[PDB]
Structure formats: structure tokens, C-alpha cells
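In the form deposited in one PDB entry, a lone chain appears below as C-alpha cells.
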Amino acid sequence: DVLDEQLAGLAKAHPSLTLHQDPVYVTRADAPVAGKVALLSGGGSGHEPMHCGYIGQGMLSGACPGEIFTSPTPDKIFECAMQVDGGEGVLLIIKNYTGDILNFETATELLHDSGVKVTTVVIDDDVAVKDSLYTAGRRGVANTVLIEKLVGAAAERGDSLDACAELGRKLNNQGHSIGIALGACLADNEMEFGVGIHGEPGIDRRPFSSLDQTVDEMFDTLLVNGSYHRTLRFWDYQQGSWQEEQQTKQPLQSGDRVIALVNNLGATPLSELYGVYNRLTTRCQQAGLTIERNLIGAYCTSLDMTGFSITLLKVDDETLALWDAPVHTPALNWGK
């Protein structure tokens, strides 16, 4: 099995990780870490390094890969959470896809029934399309990475589960993403505008004219599609039931300070992502947005798709402190 070989390779390459079998999942080699909230995510393979490249101090305690573009089954999630439970609760980060919501919400109840204090955070940052192919609402994409890092730093400093959960839901309402593909993972000199990380259709197919023009269109869409009201369910561990919560996003606006993530969906040359970033900085400056930090690289992929996404996440001094905090994972590493 190729997927088997890929995970064995990840494990051999990174001794800070432990690959488990029966069922398969990955955790920090030092888990469970006593006394800190444990953070977990997962989803289909094909988005590497998300989420296994994010396992480590200051970020995920563990992750649950599934088959290509397919949610891990509930047994994997339950066993991974039990393995990382440090006595302070486990927070489940779930991207907004039908399969992921179903399997993670099922694991959540099984965990609850076994005495584990758990709660959830749903990510729906893709502003492009409401109700795509495998999603009720907006699709969960690259902002998931920014949220894992920020909530990961908060868990590592010792915040409670409730605190980690409220911060993740707040960030979710402040982060906005859009992606484009020039080639799947079907017409010359055309792009799928507002594409999904599983290959879901975007807003439309439109001509690619230049890098700068594509960025302008993506940026403009982030500015005008920001307003959003919807229900996101979360697990209330005190009542032991799902709570429907209306959640509100404000559009990005002049005066917002942001973290920018320019993300390779798969086969975009890094030189091009720097050109994207150059145009993005100009547009934010013109619109009154201050980019305070950035990440530019392959952080949330779709196999070998040719395209990239732009993510802008509103932040304040407290959030920036969580950004600057140490993280030690395969994909992201920085010290004090």
C-alpha cells in the first residue's frame, strides 16, 4: 500500500512523531503531555503537510489521516484523542466537509461517553462558494493551519479547553480564504476561480490574464465576500449535547491588521508565490490592511494541483503574541 509507505516514511523521517497501528494515527512521541489541553485534527490524505506536518510542541498533539480526500473513520479519532489526553480535555479542529463533520462529531460523542472532556471548532474560511459538493455552508481550507498554530500556542501556554475553544471559534470568524487552480490535481489559459482543495468547482472558469490580475480578483473577492452569518454546531461537554450557535463574520476592512498566508495548492513554483505576495502587499496597503506576519509555502495542498490560495486572518496584539510563540513541528519551526 502506497499510503502505508508514505506514513512509514513520515515516521522514519521524524522521530518526534509516533505512528500508531490498529487503528492508524500519528501523535507527538511525548504524548500524552500531562496538564495541557491536547489539540487534534485530521482529514483525507492529499493535503500534506496538513495535518501531520503540524504535530509538535506549540501545535497539534496528534492527527488522524484518512485515505485520499476521505475523512478518517471515528475509531481513529477516538483512539488518537485517548492517546493524547493530558487530563485537561481534547480540542477537535474539524474542517467543514460533510465527511469530516460526520466522523469527528461521532468520535466526539464516543469520547464524551468514555469520560473525556472534549469540544470542537469548525473551520469554514473559504469565501468562494456556499454549499459546494461536500460541504454544508463554506469550505474549510488553509486558515485551518493558522488556527492550529494559534490555538496550539494557547494550549501550550496552559489556557483551558474553553479558552482554547473560544479562541479558535473567534479566529474562525476573522479568517478568510480563496483559491484558484490553473490545473487539476481543463481549458488552456483558463483558471478555476474559487476552487476547492478537493477539486470542487469554484465560482467559475475565467481567463488567466496575469499573476497580478488574478491576485487582484482574489483579493477583491476576499474584501466583498467577508460578511457571513451561519450556524456552526459545537459540543457542549457540560450538557453532553450539540449546541447550534449562530456565528458572525465581519468583512475585512480598512484598519485591520492581518496575518497573510500565500499557500501553494501543489505545483506552483515558489518564485510565483513571492510574486503573489508582492501584489497582495500592494492591495492590502491600498485598502488599509496592515500585514503584520506572513507564511508563504506549501501548507494546505491538494495533491499536485497547480494553483494557490490566499488567506487573510484579522489579528490583534494578543493573537500576534500567540503567533510569535515557539512551534516545533515538521512543517513549522521557530523559537522565542
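Residues that one form lacks are left out of the comparison. What we label the rigid core is the largest C-alpha set whose atoms superpose within 1.5 Å from one form to the other. Residue numbers run from 1 along the displayed sequence.
Gap between residue 260 and residue 261: none; every deposited residue in this span has coordinates. When the two stretches 281-289 and 25-33 are set side by side, the higher mean Cα temperature factor goes to 281-289.
Taking the mean C-alpha B-factor of each stretch as recorded, 230-238 and 82-90 are not equal, and the higher mean is that of 230-238. For the set 116, 161, 127, 223, the PDB entry puts the maximum C-alpha B factor at 223.
Between the residues 55, 310, 300, 303, it is 303 that shows the highest Cα B-factor in the PDB record.
The deposited CA B-factor of residue 199 belongs to the highest third of values across its chain. Annotation for residue 191: CA B-factor lies in the highest third of the chain's modelled residues.
Ranked by C-alpha B-factor against the other modelled residues of its chain, residue 101 falls in the middle third. When the modelled residues of the chain are ordered by their C-alpha B factor, residue 170 lands in the lowest third.
Ranked within its chain, residue 268 lands in the highest third, by CA B factor from the PDB record.
What follows is about the form deposited in another entry, which we do not show.
Considering 119, 83, 132, 264, one residue stands apart with a C-alpha shift of at least 2 Å between the shown form and the other one following superposition on the core, and it is 132. One change in the other entry concerns residue 133 and residue 305, whose Cα atoms lie at least 3 Å farther apart than in this form. A shift of at least 3 angstroms brings the Cα atoms of residue 131 and residue 220 nearer to each other in the other entry than in the displayed structure.
Core-superposed comparison between the shown form and the other one: residues with C-alpha shifts of 2 Å or more form runs of three or more at 130-135, 199-203.
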